[PDB]
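A quick write-up on the structure given underneath.
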Amino acid sequence: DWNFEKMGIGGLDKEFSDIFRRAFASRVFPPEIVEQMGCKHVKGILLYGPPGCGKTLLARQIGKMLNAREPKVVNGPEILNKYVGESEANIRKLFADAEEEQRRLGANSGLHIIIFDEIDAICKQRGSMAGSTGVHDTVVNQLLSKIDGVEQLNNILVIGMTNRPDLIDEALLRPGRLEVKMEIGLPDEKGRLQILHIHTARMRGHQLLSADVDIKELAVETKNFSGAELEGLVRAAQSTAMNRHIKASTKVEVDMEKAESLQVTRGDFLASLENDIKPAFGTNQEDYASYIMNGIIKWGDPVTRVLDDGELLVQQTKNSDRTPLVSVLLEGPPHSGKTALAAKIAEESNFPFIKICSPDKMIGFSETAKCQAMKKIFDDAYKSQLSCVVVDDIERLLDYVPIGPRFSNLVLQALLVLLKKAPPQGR
Amino acid sequence: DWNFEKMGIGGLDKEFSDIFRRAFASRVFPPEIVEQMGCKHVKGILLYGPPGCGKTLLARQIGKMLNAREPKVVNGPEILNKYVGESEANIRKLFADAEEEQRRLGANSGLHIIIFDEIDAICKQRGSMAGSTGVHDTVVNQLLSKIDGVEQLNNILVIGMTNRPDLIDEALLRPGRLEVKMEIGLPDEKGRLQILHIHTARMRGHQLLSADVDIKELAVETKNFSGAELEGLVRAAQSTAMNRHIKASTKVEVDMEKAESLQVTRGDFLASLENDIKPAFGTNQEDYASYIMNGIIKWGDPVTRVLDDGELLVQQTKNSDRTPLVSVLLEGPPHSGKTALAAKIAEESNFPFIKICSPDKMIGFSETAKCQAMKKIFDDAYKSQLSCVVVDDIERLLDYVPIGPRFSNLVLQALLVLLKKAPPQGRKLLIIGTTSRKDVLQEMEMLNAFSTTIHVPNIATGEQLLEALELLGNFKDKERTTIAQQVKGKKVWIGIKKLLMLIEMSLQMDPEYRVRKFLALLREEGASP
Amino acid sequence: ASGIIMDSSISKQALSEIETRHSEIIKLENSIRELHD
Ligand SMILES: Nc1ncnc2c1ncn2[C@@H]1O[C@H](COP(=O)(O)OP(=O)(O)OP(=O)(O)O)[C@@H](O)[C@H]1O
Ligand SMILES: Nc1ncnc2c1ncn2[C@@H]1O[C@H](COP(=O)(O)OP(=O)(O)OP(=O)(O)O)[C@@H](O)[C@H]1O
Ligand SMILES: Nc1ncnc2c1ncn2[C@@H]1O[C@H](COP(=O)(O)OP(=O)(O)OP(=O)(O)O)[C@@H](O)[C@H]1O
Ligand SMILES: Nc1ncnc2c1ncn2[C@@H]1O[C@H](COP(=O)(O)OP(=O)(O)OP(=O)(O)O)[C@@H](O)[C@H]1O
C-alpha cells in the first residue's frame with residue numbers, strides 16, 4: 001500500500017530520488033538479472049545538516065516503508081559502560097540476528113535495519129600517537145571490524161544522523177562502508193508551499209479553515225523558515241483560534257454556543273507570525289530598536305550622501321557576478337554616530353539575513369572564545385542566498401591600548417583571514 | 001584444485017610471490033630434504049597500509065588455499081572481559097588444539113591458522129601508561145610467552161592486519177615472531193587495468209555490457225584510485241543502468257517489457273565519475289574552480305613568461321635524477337594575481353597528486369595545530385611517484401604584524417626544516433610558494449631554502465590597460481575612444497584584481513555618467529610606483 | 001572520566017538440604033527379601 005504521497009515529506013524530492021536510486025534500486029529488480037551481474041548491495045547512509053530540517057523524519061519513514069523487521073534504535077550514547085569490555089559487548093549484540101539468519105537461510109534472508117542517532121558522540125578520529133584516546137579507540141575498532149570483516153554479511157543497512165559532519169572517522173566513510181552522504185538544508189519557496197499544504201490538509205477537510213487565508217501569501221512572507229517553524233506557526237494560529245472560544249478562563253469549561261462556528265481566520269495567522277515564532281536564520285526587529293535609540297535626523301548635507309553611498313553598495317552586492325563579496329569601512333571622530341548609520345544602512349536593504357557582532361556580549365572572554373564566536377556568526381551567515389553582517393567597534397575587539405602598544409594577535413589574524421574568504425558558489 | 005586466476009586479486013603479483021616464497025616454500029618440498037637442512041618454519045605475517053587497498057581480502061584468500069582446518073577469527077578487541085584473569089584465559093584458549101595435536105601426532109600434523117583483525121587494539125607498547133591500563137600489560141605478556149616460549153610448537157601460523165604500524169610492540173616483531181612484513185600501497189595503471197578486468201568479467205560473459213565501453217579510457221582517466229573506489233564506480237554505473245526501467249512516481253512498478261534489453265552504456269560511467277565517487281589520493285575540479293575564479297587573460301608579455309618558467313621547472317623536476325626536490329617562490333606587489341598563476345601552473349603539470357595548503361582552513365588554530373596540519377599534508381605527499389604542493393600567502397601562515405614585530409617561531413622552524421627533507425628514494429616532489437613581502441622573508445634567512453624566484457608585475461602602460469579592457473569587453477565603441485584619449489598621455493600602476501573591482505563599481509551609475517566616475521576612481525587610487 | 005575497573009567474586013553452598021535420610025531404604029528391601037524367602 002506504500003505511495004510517496006502518504007510519507008508526508010516536502011521539499012526533498014531530489015534527495016529521496018538519489019537515495020532510492022543508489023540504495024534500494026537493486027533490491028526490487030528481478031533476482032535472476034541481479035544474479036547475472038555479481039554486485040553487492042550498499043551498506044549505509046549518512047545524513048547531516050542544520051537543526052530542524054527533517055533528518056529523523058526521513059529515517060523513520062524509510063524504516064517503516066520496507067517490509068523489513070522492526071528497526072533497532074540507539075538513542076545517543078547508551079552503549080557506554082564503566083567496566084572493562086562492556087561497551088564492545090553491547091556493540092556486538094546488535095549484529096547477532098543478521099549473522100544467525102545469514103548462516104541459516106543463505107540468500108533468502110530478509111532485511112535488517114540499524115539506526116544510529118547522534119553518531120558523532122561515539123565515532124571520533126582514532127588518533128595517531130600514544131596520547132589521549134580512551135574508550136573511543138576500542139569502540140571504533142569493534143564497529144569497523146563488525147561492519148566489514150572476514151565474514152560477509154549481505155542483509156543489513158545502517159543509517160546515521162549528525163550535526164557536526166567534520167568529526168567522524170575517515171575509515172568509516174569509504175565505499176563499502178557508509179558511502180551515501182546527503183545534506184538536508186533550508187528549503188526554497190516551493191518547499192515552503194509544499195510544507196504548508198501538507199500541514200493544513202486535515203483542517204481543510206472538515207471546513208475548519210476560513211476562506212480568507214491564501215497559502216501562496218504565507219509562502220512569500222516567510223523567508224528562511226525551516227520545517228519545524230512552519231509547523232509551529234500553524235500550531236500557534238490554531239491555539240489562538242481555539243482560545244478565542246473560552247470565556248471561562250478563570251474557570252475551566254466551554255460555552256458550547258458558537259463552537260459550531262469555530263474557524264481559523266487570517267488575523268490569527270498574522271498575529272502569531274508577528275508575536276510568537278522567531279526564526280533563527282532570519283532578521284529580528286529588536287536590534288534596530290536598541291542601536292537606533294533616537295532615529296536619524298537630517299541636520300545637514302552629509303547624511304544624505306552617506307545613505308546614498310550605502311544604497312549604491314547594497315545595490316552592487318546583489319546584481320554583480322564577478323564580485324560575490326564586498327566590504328566597506330565607516331570611520332570618523334568620536335561621538336559622531338557611526339553605529340546608528342551602519343544599522344540604518346543595514347535595515348533598509350531587505351536582505352533575508354541580517355546580524356550584528358558587537359563586543360558588549362563578550363565581557364571577560366579570552367582570545368579563543370572571541371575567535372569562536374566570530375567564526376560561528378560567519379558560519380551561520382554562509383547558509384543563506386543573501387546576507388549582511390556588521391562588525392562594529394573594531395578596536396575594542398582587538399583589545400588595543402596606546403601604552404605599549406598591546407593587543408590580541410590571534411583575533412586580528414582571524415579577522416584578516418575572514419575578510420577575504422568567498423562563500424560557497426552562488427551565495 | 002587451487003588456481004591463481006580463481007583468487008581474484010589484481011595488482012599484487014610481487015607481494016604474493018614473496019609471501020609464497022617465504023612462508024609456504026618449505027612446506028611444499030619433499031620432507032627428507034627439508035629435514036636434512038634442519039630449518040624451522042615461519043610463524044607470522046604482518047600487513048599494514050592505508051585504508052581500502054585490499055588487506056583483508058588477501059588474508060581471506062590465504063585462508064581458503066590451504067587444505068587445513070577452519071581458521072579462527074578474532075574481531076578486534078573480542079577477548080577482553082571484566083573479571084580478573086579472564087582475558088588471559090581467552091588468549092590461552094586459542095592455542096589449545098595446536099598444543100594437543102603437537103603432543104600426540106609428532107611431526108605429521110597440519111596447520112592451524114589464526115587471524116588477528118586490527119591487532120593494534122590489544123597489542124600496544126608495554127610500560128606506556130604507568131604499568132599500562134592494568135589489562136594491557138598481561139595480555140601482551142601472555143601473547144609473547146605463548147607464541148614462542150619454553151615449550152616448542154611447529155604447526156601454527158598467525159596473520160595480522162593493522163592501519164598504524166607504529167604503535168605495535170617491538171618485542172613482537174623480531175624474526176622469531178611475526179616476521180614477514182609487507183606493505184599494501186596504491187596501484188599503478190597496469191594494476192587498475194587488472195582490477196577493472198576482474199570486476200567486469202562476469203557482465204561481459206552474458207552480453208550485458210554494450211560494445212562502446214573501452215577499459216583503457218577508464219584505466220587512464222582514474223588516477224590514484226584504490227580498489228574500493230573502482231569497485232564502487234562499477235557498482236554505481238550498474239545501479240544507474242538498472243534504475244532507468246523502475247518507476248517510483250506514484251507506486252513502485254518494475255517494467256518487464258524493457259527489462260530484456262538491459263545494457264550498461266558509457267554515459268552511466270561518465271555520470272558516475274562526475275557526480276558520485278570522489279577519490280582520496282587524487283584531485284578534482286573544485287579547488288581550481290574555487291581559486292581560479294575568473295580564468296586567465298593574456299593582457300601582455302609577462303604573463304606568458306611566468307608560465308614558461310613554471311613549465312621549465314616542472315620539466316626539470318620530472319626528468320632529472322640528481323635533484324629530486326625543487327622549490328620556487330613567486331613574489332610581487334599586492335593585488336597582482338599570484339595565487340591564480342600558481343594554481344594554473346600546478347594544474348597543467350598532469351602530476352597525479354596535487355594539494356593546496358592554505359590558511360583559509362585554519363582559522364583560530366594555535367601553532368601546534370598548524371604544525372600538525374602541515375606535517376600531515378606533507379606526510380600524505382610522500383606516498384606517490386610524483387607530487388606537487390603549494391604554500392599560499394606565507395605571511396598569514398606565520399601571524400606577522402609590523403608592530404613589534406610579532407610572529408610564530410614553531411611554524412617558521414617547521415617550514416625551514418621541511419624545505420630540505422628529501423622524500424623516500426625514487427620519488428619526486430615540487431613545492432611552490434606565494435608571498436607579497438620579500439624583504440621580510442629575507443630578514444628571517446628564508447631565501448636560501450628556496451631555489452629560485454619569479455616576479456609577478458603590475459600593469460604599467462596605457463596599451464596594456466586598453467588591451468585588458470578589450471579582453472574583458474565592458475566599454476565599447478565611443479566610450480573606448482574617450483579613455484584612449486585620456487590615459488595614453490600618462491603612466492599607470494594598477495593590479496588586475498583592483499581593475500575588476502573598479503570596473504564593477506563604476507558600472508552602477510547612470511548610462512551617461514559611467515566613464516567620468518571610472519576616470520575619477522582610476523585617478524584617485526594613486527600610483528606612487 | 002576515570003573508568004575501566006575490575007572486581008572479585010565469592011560463592012556460597014546453598015544446597016544445604018539433607019539427602020541421606022531418604023536413601024536408607026535398605027531395610028524395606030530386607031523385609032521384602034524375607035517375604036520372598
Ligand atoms: N521536509 C519536511 N516536510 C514536512 N514536515 C517537516 C519537514 N521537515 C521537518 N518537518 C516537521 O518538523 C519536525 C522536525 O523534526 P525532525 O526530527 O525531522 O528534526 P531534525 O532536524 O531531524 O532534528 P534535530 O535538529 O534535533 O537533529 C518534523 O517532525 C516534522 O514535524
Ligand atoms: N543624524 C544622526 N546620525 C547619527 N546618530 C544620530 C543622528 N540623529 C540622532 N542620532 C542619535 O545619536 C546617537 C548616536 O550615538 P551612537 O551610539 O550612534 O554613536 P557612535 O558614533 O557609535 O559613538 P562612539 O564614538 O561612542 O562609538 C544615537 O542615539 C542616534 O540615534
Ligand atoms: N587488488 C584488488 N582486486 C580486487 N578487489 C580489490 C582489490 N583491492 C581491494 N579490492 C576491493 O576492496 C574491498 C575489500 O577491501 P578490504 O576489506 O581489503 O579493505 P582494507 O583496506 O584492508 O580495510 P580497512 O581500510 O577498512 O581497514 C572489496 O571490494 C575488494 O573487491
Ligand atoms: N591574467 C591574470 N592573472 C591573474 N589573475 C587573473 C588574470 N586574469 C584574471 N585574473 C583573476 O584575478 C584574480 C587574481 O586575484 P588573486 O586571487 O590572485 O589575488 P592575490 O594576488 O593573491 O591577492 P592578495 O593581495 O589578496 O594576496 C583571480 O580572480 C583571477 O581569476
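Identifiers for the C-alpha cells are assigned positionally: chains receive A, B, ... in sequence, residues are indexed from 1 per chain, and ligands are indexed from 1 in the order shown.
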| message | Around ligand 3, out to 9 Å and counting only C-alpha atoms and all ligand atoms, which residues are there? I want them as a PyMOL selection string. | response | (chain A and resi 40+144-145+148-150+171-172+174-177) or (chain B and resi 8-12+47-59+118+161-163+184+187+191-192+194-196+198-199+226-232)
Residues of chain A within 12 Å of ligand 4: nearest atom pair and distance (Å, one decimal) for each, counting only C-alpha atoms and all ligand atoms, sorted by chain and number, as a tab-separated table?
residue	atom	partner	partner_atom_place_in_ligand_line	distance
A:321	CA	ligand 4	29 (O)	11.7
A:322	CA	ligand 4	29 (O)	8.3
A:323	CA	ligand 4	29 (O)	9.1
A:324	CA	ligand 4	29 (O)	11.2
A:416	CA	ligand 4	26 (O)	10.3
A:417	CA	ligand 4	26 (O)	9.9
A:418	CA	ligand 4	26 (O)	11.8
A:419	CA	ligand 4	26 (O)	10.0
A:420	CA	ligand 4	26 (O)	7.4
A:421	CA	ligand 4	26 (O)	10.0
A:422	CA	ligand 4	17 (O)	10.8
For the residues selected in the previous step, produce a file with N, CA and C atoms as a PDB file, in the first residue's frame.
ATOM      1  N   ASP A 321      28.208  39.664 -10.643  1.00  0.00           N
ATOM      2  CA  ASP A 321      28.613  38.266 -10.661  1.00  0.00           C
ATOM      3  C   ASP A 321      30.116  38.058 -10.548  1.00  0.00           C
ATOM      4  N   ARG A 322      30.933  39.054 -10.893  1.00  0.00           N
ATOM      5  CA  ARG A 322      32.375  38.942 -10.712  1.00  0.00           C
ATOM      6  C   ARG A 322      32.795  39.078  -9.255  1.00  0.00           C
ATOM      7  N   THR A 323      32.020  39.797  -8.442  1.00  0.00           N
ATOM      8  CA  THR A 323      32.392  40.124  -7.067  1.00  0.00           C
ATOM      9  C   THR A 323      31.279  39.683  -6.126  1.00  0.00           C
ATOM     10  N   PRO A 324      31.319  38.438  -5.644  1.00  0.00           N
ATOM     11  CA  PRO A 324      30.298  37.975  -4.697  1.00  0.00           C
ATOM     12  C   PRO A 324      30.540  38.397  -3.257  1.00  0.00           C
ATOM     13  N   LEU A 416      41.484  39.135   9.668  1.00  0.00           N
ATOM     14  CA  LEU A 416      42.121  39.393   8.382  1.00  0.00           C
ATOM     15  C   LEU A 416      41.964  38.214   7.434  1.00  0.00           C
ATOM     16  N   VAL A 417      41.789  37.006   7.971  1.00  0.00           N
ATOM     17  CA  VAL A 417      41.551  35.856   7.107  1.00  0.00           C
ATOM     18  C   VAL A 417      40.084  35.764   6.708  1.00  0.00           C
ATOM     19  N   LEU A 418      39.165  36.156   7.596  1.00  0.00           N
ATOM     20  CA  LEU A 418      37.745  36.083   7.277  1.00  0.00           C
ATOM     21  C   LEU A 418      37.286  37.203   6.357  1.00  0.00           C
ATOM     22  N   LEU A 419      38.040  38.298   6.257  1.00  0.00           N
ATOM     23  CA  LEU A 419      37.585  39.406   5.424  1.00  0.00           C
ATOM     24  C   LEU A 419      37.653  39.123   3.928  1.00  0.00           C
ATOM     25  N   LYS A 420      38.374  38.086   3.502  1.00  0.00           N
ATOM     26  CA  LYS A 420      38.583  37.810   2.083  1.00  0.00           C
ATOM     27  C   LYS A 420      38.401  36.327   1.789  1.00  0.00           C
ATOM     28  N   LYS A 421      37.355  35.723   2.347  1.00  0.00           N
ATOM     29  CA  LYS A 421      37.021  34.322   2.102  1.00  0.00           C
ATOM     30  C   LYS A 421      35.639  34.274   1.465  1.00  0.00           C
ATOM     31  N   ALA A 422      35.589  33.940   0.178  1.00  0.00           N
ATOM     32  CA  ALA A 422      34.322  33.927  -0.533  1.00  0.00           C
ATOM     33  C   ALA A 422      33.430  32.790  -0.034  1.00  0.00           C
TER      34      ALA A 422
END
Contacts with ligand 1 at most 10 Å, only C-alpha atoms and all ligand atoms counted, listed as an mmCIF file with C-alpha atoms, in the first residue's frame:
data_model
loop_
_atom_site.group_PDB
_atom_site.id
_atom_site.type_symbol
_atom_site.label_atom_id
_atom_site.label_comp_id
_atom_site.auth_asym_id
_atom_site.auth_seq_id
_atom_site.Cartn_x
_atom_site.Cartn_y
_atom_site.Cartn_z
ATOM 1 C CA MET A 7 5.013 9.757 3.524
ATOM 2 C CA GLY A 8 4.492 13.424 4.361
ATOM 3 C CA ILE A 9 7.829 14.921 3.282
ATOM 4 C CA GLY A 10 8.005 18.097 1.210
ATOM 5 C CA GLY A 11 10.922 19.937 -0.330
ATOM 6 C CA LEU A 12 13.143 16.827 -0.518
ATOM 7 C CA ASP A 13 12.342 15.286 -3.901
ATOM 8 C CA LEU A 47 22.557 12.454 6.939
ATOM 9 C CA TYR A 48 23.873 15.830 8.098
ATOM 10 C CA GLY A 49 22.736 19.438 8.159
ATOM 11 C CA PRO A 50 21.491 22.262 10.382
ATOM 12 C CA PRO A 51 18.988 21.524 13.166
ATOM 13 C CA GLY A 52 15.301 21.346 12.324
ATOM 14 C CA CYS A 53 15.195 20.415 8.621
ATOM 15 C CA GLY A 54 13.875 16.839 8.588
ATOM 16 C CA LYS A 55 16.582 14.249 9.258
ATOM 17 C CA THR A 56 14.922 11.907 11.764
ATOM 18 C CA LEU A 57 11.631 12.062 9.849
ATOM 19 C CA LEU A 58 13.249 10.648 6.709
ATOM 20 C CA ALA A 59 14.904 7.806 8.622
ATOM 21 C CA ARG A 60 11.651 6.917 10.384
ATOM 22 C CA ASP A 117 21.306 8.534 16.481
ATOM 23 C CA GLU A 118 23.833 11.315 17.105
ATOM 24 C CA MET A 161 22.488 11.193 11.649
ATOM 25 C CA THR A 162 24.719 14.036 12.752
ATOM 26 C CA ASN A 163 25.025 17.822 13.031
ATOM 27 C CA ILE A 184 19.466 18.495 4.219
ATOM 28 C CA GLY A 185 19.234 22.286 4.081
ATOM 29 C CA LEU A 186 16.760 25.131 4.240
ATOM 30 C CA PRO A 187 14.003 24.972 1.598
ATOM 31 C CA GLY A 191 9.382 23.797 -0.398
ATOM 32 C CA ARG A 192 7.545 26.125 1.965
ATOM 33 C CA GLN A 194 4.534 22.088 -0.103
ATOM 34 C CA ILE A 195 5.091 22.000 3.662
ATOM 35 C CA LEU A 196 2.250 24.434 4.361
ATOM 36 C CA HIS A 197 -0.040 22.378 2.125
ATOM 37 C CA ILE A 198 0.941 19.188 3.959
ATOM 38 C CA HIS A 199 0.364 20.645 7.433
ATOM 39 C CA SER A 226 12.645 25.679 8.362
ATOM 40 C CA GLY A 227 10.006 22.969 8.613
ATOM 41 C CA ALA A 228 9.952 22.924 12.415
ATOM 42 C CA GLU A 229 8.899 26.597 12.346
ATOM 43 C CA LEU A 230 6.385 26.304 9.507
ATOM 44 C CA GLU A 231 4.725 23.768 11.825
ATOM 45 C CA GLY A 232 4.863 25.949 14.936
#
| request: Could you pull out the residues sitting within 9 Å of ligand 2, using only C-alpha atoms and all ligand atoms, and write them as a list in words? | output: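 Sorted by chain and then by number, the residues are residues 291, 292, 293, 294, 295, 296, 297, 298, 299, 300, 303, 331, 332, 333, 334, 335, 336, 337, 338, 339, 340, 341, 342, 343, 392 and 393 of chain A.
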Per residue of chain B within 7 Å of chain C, note the shortest atom pair and the distance in Å to one decimal, counting only C-alpha atoms, and order the rows by chain and increasing residue number, as CSV.
residue,atom,partner,partner_atom,distance
B:82,CA,C:6,CA,5.8
B:83,CA,C:6,CA,5.8
B:84,CA,C:6,CA,6.5
